[PDB]
Structures are given as structure tokens and as C-alpha cells.
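K.L.:
My structure is below; once you've seen it, I'll send some questions.
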Amino acid sequence: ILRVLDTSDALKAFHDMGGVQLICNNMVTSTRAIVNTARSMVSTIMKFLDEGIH
Amino acid sequence: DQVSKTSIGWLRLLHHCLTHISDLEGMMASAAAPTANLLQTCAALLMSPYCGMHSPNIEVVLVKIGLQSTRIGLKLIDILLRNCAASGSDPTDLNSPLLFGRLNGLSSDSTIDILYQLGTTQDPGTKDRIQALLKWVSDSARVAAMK
Amino acid sequence: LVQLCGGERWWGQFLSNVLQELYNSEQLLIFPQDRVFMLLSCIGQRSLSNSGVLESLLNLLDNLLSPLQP
Amino acid sequence: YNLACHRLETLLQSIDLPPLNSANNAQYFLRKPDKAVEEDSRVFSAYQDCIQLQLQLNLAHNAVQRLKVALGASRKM
């Protein structure tokens with residue numbers, strides 16, 4: 001998708017079909033839908049209070 | 001890959017659209033800005049662990065989309081300084097964005113750089129941004145007199 | 001304190017108060033978080049027979065979630 | 001002891017501490033970067049030197065006081 005939009009005319013066409021609003025709404029909705037999987041405070045409190053697969 | 005797991009894929013598209021060609025930047029930003037909850041989502045994605053795209057690229061998106069109008073600049077200042085929650089977010093609705101997981105007013109080097117870009121830049125409406133910053137400082141000082 | 005003040009009425013609420021004022025996001029005092037956390041876990045496992053310990057902690061958890069469900 | 005304490009004070013002012021209130025601070029706490037590790041090791045070495053020489057100074061002071069009071073000079077009331 002990035003390679004498709006590599007030219008000025010392609011970017012103008014992308015704007016003229018409402019692509020940018022589409023991707024903004026998509027980012028908002030997807031951020032709402034998913035839940036972060038990266039470790040956090042809970043996974044530090046547990047490290048204290050104690051390929052590489054074991 | 002983080003693109004499929006996370007929602008950072010769309011932010012990369014937005015960054016490319018805004019910053020691929022400087023000529024197209026203004027009208028990109030004008031079309032992108034009026035979307036609801038966009039700034040809060042971008043800020044929440046910025047103040048998160050590295051999830052696919054480095055922080056400097058996100059700062060560029062936040063700066064460019066916030067410098068195209070006075071209202072958007074004030075909204076960005078407010079969300080960065082005092083209220084990072086999603087606007088119009090009632091918990092009763094199970095589809096509206098919430099973004100409840102971050103404490104307000106958290107500061108990182110990226111946020112400091114964004115505020116410095118917002119303030120130091122010279123363009124019409126920068127006086128409104130300076131007024132907003134001074135108003136926030138005054139409000140914080142007044143609240144500090146809780147005794 | 002477990003042996004002396006454990007198992008009485010105002011106990012438990014003391015634990016909730018001290019936990020709230022030590023681990024508050026508004027607290028700027030620098031101290032060992034996790035070592036005090038083991039201390040509180042041990043002070044909780046002992047004197048667990050007190051009926052006020054769990055109810056006070058659940059009341060504290062109830063207040064923190066009060067922004068939800070307005 | 002004064003010189004070692006000054007060195008430790010400078011080295012330990014050189015560091016800071018995240019408050020453990022966000023995801024980034026927690027992630028830093030899981031995986032301490034290499035610079036943090038080496039700084040912590042250097043601070044530990046400085047603290048060990050300071051405490052050892054402090055113990056040496058304390059025992060020297062105790063011996064001096066014992067000898068001073070042994071010859072007949074009265075200690076502080």
C-alpha cells in the first residue's frame with residue numbers, strides 16, 4: 001500500500017476518494033477493539049515478589 | 001508482527017500520507033483533522049511501549065496534524081496536559097472508544113518535544129497556544145493552593 | 001502489630017488506609033514499593049481470621065472502580 | 001571518607017528513578033538497559049568502598065577514644 005501511494009497523483013486520488021478519513025476511522029476503531037499484550041506493571045510486581053524457550 | 005496484532009498499521013499509513021510529499025501535507029492534514037477522537041488515539045499510541053513504529057514518527061504526525069488550525073492545537077494541548085481520555089466516551093456504549101488506561105499529564109521526551117514544537121513555532125494562532133499554556137500553568141498553581 | 005493489634009475492629013480499615021496512602025498515584029514519597037508489598041501480604045495472610053480485612057479491601061476496590069458505572 | 005562520600009554523592013546524583021506508574025516505566029523495570037546496569041554496578045562498588053572505609057574510620061575513632069580515656073583524660077559527660 002505504501003508503494004502504491006508513492007506518487008503525488010496517487011496521493012491526490014487517494015484523498016479524493018476519502019481514503020484518509022477511512023484510515024483515521026479504522027485506526028480509532030482498531031485501537032478501541034484490541035487490548036495491548038505487552039507486559040506492564042502487573043508483570044513487574046510479579047518479577048519482584050519472585051529461541052530461549054524453556 | 002506488531003502490525004497485525006496492534007493498530008499501529010493505520011498510523012504508519014497516516015504518517016506516510018502526511019509526510020511523503022511536503023506539498024500534499026496541508027490538504028492531507030485538513031482532510032484528516034476533523035475526525036473524532038483521532039488526537040486522543042494518536043497520543044495514547046505515542047505514550048505506549050514500542051509496538052511497531054518508533055516514537056519520532058508519531059511526534060511528526062501529532063505536530064503536523066495539530067499545527068493546521070488553532071482549535072486542533074488547543075485540543076492537542078488539552079489532551080497532552082490535562083485530559084487524555086476519549087471525548088464523548090460513555091461507558092454504557094460498548095463501541096465508543098474509551099482510552100481509560102493512562103494517567104493524565106504523564107510526561108516523556110516525545111511529549112516535551114511536541115509541546116516545544118507547538119509553542120516555539122511561528123504561525124497565526126500561536127498566541128492562542130501560548131495563552132492555553134499559561135492558562136494551564138495558572139490553573140495548576142491555583143489548584144496547588146488546596147490548603 | 002499482627003500479634004498485638006491483629007483481630008480487632010479497626011484493623012483492616014487501617015490496612016486499606018495505609019495501602020491507599022502509600023501506593024497512591026498522588027504520593028511522591030520514595031520508598032521500597034515491593035518490599036512493603038510483601039510486608040502487607042504477610043500482614044494479610046496472618047490476621048486473615050479477622051472479618052474486617054477482606055471487606056475493607058473490597059470496599060477500597062469498590063471505590064477505585066466508581067468512575068466506571070456512573 | 002569525605003572524598004569517597006563526595007564521589008558517591010556525585011555518582012548518585014547522576015542517576016534518577018522512574019515512579020512505576022505507566023507502561024514504559026514498568027518495561028524499563030523488567031529490562032534494565034546496559035547503561036543502567038553498569039551505573040548500578042559502579043554505584044554498588046562506590047557504596048562498598050564508602051561503607052568499608054567508614055567502618056575503618058569508626059574503629060579508629062573508638063580506639064583513639066579508648067586510649068585517650070585510658071591514660072586518665074576524662075571523656076565527654
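Each chain of the C-alpha cells is named A, B, ... in the order shown, its residues numbered from 1; ligands are numbered from 1 in display order.
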When the cut-off is 8 Å and we count only C-alpha atoms, which residues of chain B are near chain A, given as an MDAnalysis selection string?

P.N.:
chainID B and resid 6:11 13:14 16:17 20:21 24 28 31:32 35 37:38 41 49 95:99

K.L.:
Give the residues of chain C that lie within 12 Å of chain D; count only C-alpha atoms, and format the answer as an NGL selection string.

P.N.:
:C and (23-34)

K.L.:
Please save N, CA, C and O atoms of the selected residues as a PDB file, in the first residue's frame.

P.N.:
ATOM      1  N   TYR C  23       0.453   3.681  48.228  1.00  0.00           N
ATOM      2  CA  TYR C  23       0.525   3.366  46.809  1.00  0.00           C
ATOM      3  C   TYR C  23      -0.311   4.306  45.957  1.00  0.00           C
ATOM      4  O   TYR C  23      -0.611   3.982  44.806  1.00  0.00           O
ATOM      5  N   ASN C  24      -0.696   5.458  46.499  1.00  0.00           N
ATOM      6  CA  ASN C  24      -1.479   6.417  45.739  1.00  0.00           C
ATOM      7  C   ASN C  24      -0.673   6.953  44.564  1.00  0.00           C
ATOM      8  O   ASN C  24       0.543   7.143  44.649  1.00  0.00           O
ATOM      9  N   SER C  25      -1.366   7.197  43.452  1.00  0.00           N
ATOM     10  CA  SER C  25      -0.723   7.833  42.311  1.00  0.00           C
ATOM     11  C   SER C  25      -0.343   9.275  42.611  1.00  0.00           C
ATOM     12  O   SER C  25       0.505   9.841  41.913  1.00  0.00           O
ATOM     13  N   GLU C  26      -0.949   9.876  43.631  1.00  0.00           N
ATOM     14  CA  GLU C  26      -0.617  11.218  44.077  1.00  0.00           C
ATOM     15  C   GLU C  26       0.511  11.240  45.100  1.00  0.00           C
ATOM     16  O   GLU C  26       0.918  12.325  45.528  1.00  0.00           O
ATOM     17  N   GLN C  27       1.021  10.080  45.501  1.00  0.00           N
ATOM     18  CA  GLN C  27       2.062  10.013  46.518  1.00  0.00           C
ATOM     19  C   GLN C  27       3.426  10.236  45.876  1.00  0.00           C
ATOM     20  O   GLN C  27       3.786   9.545  44.918  1.00  0.00           O
ATOM     21  N   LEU C  28       4.183  11.195  46.404  1.00  0.00           N
ATOM     22  CA  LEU C  28       5.519  11.496  45.910  1.00  0.00           C
ATOM     23  C   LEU C  28       6.624  10.992  46.828  1.00  0.00           C
ATOM     24  O   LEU C  28       7.801  11.247  46.554  1.00  0.00           O
ATOM     25  N   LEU C  29       6.282  10.293  47.907  1.00  0.00           N
ATOM     26  CA  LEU C  29       7.301   9.734  48.784  1.00  0.00           C
ATOM     27  C   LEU C  29       7.961   8.537  48.113  1.00  0.00           C
ATOM     28  O   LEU C  29       7.278   7.631  47.626  1.00  0.00           O
ATOM     29  N   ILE C  30       9.290   8.530  48.093  1.00  0.00           N
ATOM     30  CA  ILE C  30      10.062   7.444  47.503  1.00  0.00           C
ATOM     31  C   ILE C  30      10.366   6.430  48.595  1.00  0.00           C
ATOM     32  O   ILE C  30      10.929   6.779  49.640  1.00  0.00           O
ATOM     33  N   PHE C  31       9.997   5.179  48.355  1.00  0.00           N
ATOM     34  CA  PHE C  31      10.152   4.121  49.343  1.00  0.00           C
ATOM     35  C   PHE C  31      10.145   2.790  48.612  1.00  0.00           C
ATOM     36  O   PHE C  31       9.744   2.717  47.442  1.00  0.00           O
ATOM     37  N   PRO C  32      10.594   1.714  49.262  1.00  0.00           N
ATOM     38  CA  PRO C  32      10.525   0.400  48.613  1.00  0.00           C
ATOM     39  C   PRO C  32       9.091  -0.067  48.437  1.00  0.00           C
ATOM     40  O   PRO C  32       8.429  -0.446  49.407  1.00  0.00           O
ATOM     41  N   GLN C  33       8.603  -0.043  47.198  1.00  0.00           N
ATOM     42  CA  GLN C  33       7.232  -0.460  46.932  1.00  0.00           C
ATOM     43  C   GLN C  33       7.054  -1.948  47.204  1.00  0.00           C
ATOM     44  O   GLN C  33       6.142  -2.363  47.929  1.00  0.00           O
ATOM     45  N   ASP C  34       7.937  -2.768  46.637  1.00  0.00           N
ATOM     46  CA  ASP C  34       7.694  -4.205  46.589  1.00  0.00           C
ATOM     47  C   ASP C  34       7.979  -4.872  47.931  1.00  0.00           C
ATOM     48  O   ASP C  34       7.275  -5.804  48.335  1.00  0.00           O
TER      49      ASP C  34
END

K.L.:
Check every residue of chain A for an atom within 10 Å of chain D, counting only C-alpha atoms, and provide those that qualify as number ranges by chain.

P.N.:
A: 38-45, 47-48

K.L.:
Please build the interface table for chain C against chain A with a cut-off of 9 Å, listing for each qualifying residue the nearest atom pair and the distance in Å to one decimal; count only C-alpha atoms, order rows by chain and increasing number, and write it as a Markdown table.

P.N.:
| residue | atom | partner | partner_atom | distance |
| --- | --- | --- | --- | --- |
| C:34 | CA | A:48 | CA | 6.7 |
| C:35 | CA | A:49 | CA | 8.1 |
| C:37 | CA | A:49 | CA | 8.3 |
| C:38 | CA | A:49 | CA | 7.0 |

K.L.:
Given the choices C:3, C:50, C:59, C:66, which gets closest to chain B if the distance is worked out from only C-alpha atoms?

P.N.:
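Looking at the shortest contact to chain B, the residue is C:66.
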
K.L.:
Which of chain D counts as helix (DSSP H, G or I) under DSSP, as a ChimeraX atom specification please?

P.N.:
/D:2-13,23-30,34-70

K.L.:
For the selection you just gave me, I'd like the residues written to a file as an mmCIF file, in the first residue's frame, keeping C-alpha atoms.

P.N.:
data_model
loop_
_atom_site.group_PDB
_atom_site.id
_atom_site.type_symbol
_atom_site.label_atom_id
_atom_site.label_comp_id
_atom_site.auth_asym_id
_atom_site.auth_seq_id
_atom_site.Cartn_x
_atom_site.Cartn_y
_atom_site.Cartn_z
ATOM 1 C CA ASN D 2 34.999 12.749 52.857
ATOM 2 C CA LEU D 3 36.443 12.255 49.368
ATOM 3 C CA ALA D 4 34.690 8.901 48.905
ATOM 4 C CA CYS D 5 31.405 10.346 50.177
ATOM 5 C CA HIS D 6 31.703 13.233 47.713
ATOM 6 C CA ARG D 7 32.369 10.809 44.854
ATOM 7 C CA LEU D 8 29.364 8.691 45.843
ATOM 8 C CA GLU D 9 27.171 11.785 46.174
ATOM 9 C CA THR D 10 28.091 12.947 42.671
ATOM 10 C CA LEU D 11 27.644 9.495 41.126
ATOM 11 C CA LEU D 12 24.277 9.018 42.824
ATOM 12 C CA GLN D 13 23.005 12.472 41.888
ATOM 13 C CA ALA D 23 3.742 1.010 30.860
ATOM 14 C CA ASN D 24 7.099 2.492 29.828
ATOM 15 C CA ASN D 25 8.394 2.705 33.407
ATOM 16 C CA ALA D 26 7.316 -0.879 34.057
ATOM 17 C CA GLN D 27 9.023 -2.032 30.849
ATOM 18 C CA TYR D 28 12.192 -0.261 31.975
ATOM 19 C CA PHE D 29 11.897 -2.122 35.281
ATOM 20 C CA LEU D 30 11.614 -5.526 33.568
ATOM 21 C CA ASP D 34 23.050 -1.781 29.786
ATOM 22 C CA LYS D 35 23.879 1.778 30.862
ATOM 23 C CA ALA D 36 21.610 1.392 33.889
ATOM 24 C CA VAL D 37 23.266 -1.933 34.750
ATOM 25 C CA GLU D 38 26.805 -0.548 34.612
ATOM 26 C CA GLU D 39 25.792 2.578 36.541
ATOM 27 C CA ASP D 40 24.198 0.407 39.235
ATOM 28 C CA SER D 41 27.322 -1.761 39.456
ATOM 29 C CA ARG D 42 29.563 1.301 39.777
ATOM 30 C CA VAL D 43 27.281 2.771 42.455
ATOM 31 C CA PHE D 44 27.379 -0.532 44.347
ATOM 32 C CA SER D 45 31.184 -0.567 44.204
ATOM 33 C CA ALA D 46 31.354 3.022 45.463
ATOM 34 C CA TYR D 47 28.935 2.191 48.284
ATOM 35 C CA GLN D 48 31.011 -0.833 49.294
ATOM 36 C CA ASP D 49 34.180 1.271 49.390
ATOM 37 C CA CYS D 50 32.429 4.013 51.368
ATOM 38 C CA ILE D 51 30.974 1.636 53.962
ATOM 39 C CA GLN D 52 34.264 -0.243 54.380
ATOM 40 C CA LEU D 53 36.299 2.917 54.906
ATOM 41 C CA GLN D 54 33.557 4.297 57.175
ATOM 42 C CA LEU D 55 33.854 1.194 59.355
ATOM 43 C CA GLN D 56 37.626 1.697 59.385
ATOM 44 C CA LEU D 57 37.198 5.318 60.496
ATOM 45 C CA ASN D 58 34.716 4.301 63.197
ATOM 46 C CA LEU D 59 37.017 1.642 64.650
ATOM 47 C CA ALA D 60 39.929 4.096 64.555
ATOM 48 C CA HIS D 61 37.820 6.649 66.439
ATOM 49 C CA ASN D 62 36.808 4.030 69.009
ATOM 50 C CA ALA D 63 40.441 3.033 69.565
ATOM 51 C CA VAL D 64 41.520 6.677 69.870
ATOM 52 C CA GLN D 65 38.775 7.412 72.404
ATOM 53 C CA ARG D 66 39.618 4.291 74.418
ATOM 54 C CA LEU D 67 43.307 5.223 74.541
ATOM 55 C CA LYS D 68 42.505 8.840 75.446
ATOM 56 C CA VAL D 69 40.261 7.775 78.329
ATOM 57 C CA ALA D 70 42.757 5.073 79.357
#

K.L.:
Taking only C-alpha atoms into account, which residues of chain B are within 12 Å of chain D, as number ranges by chain?

P.N.:
B: 44-51, 101-108
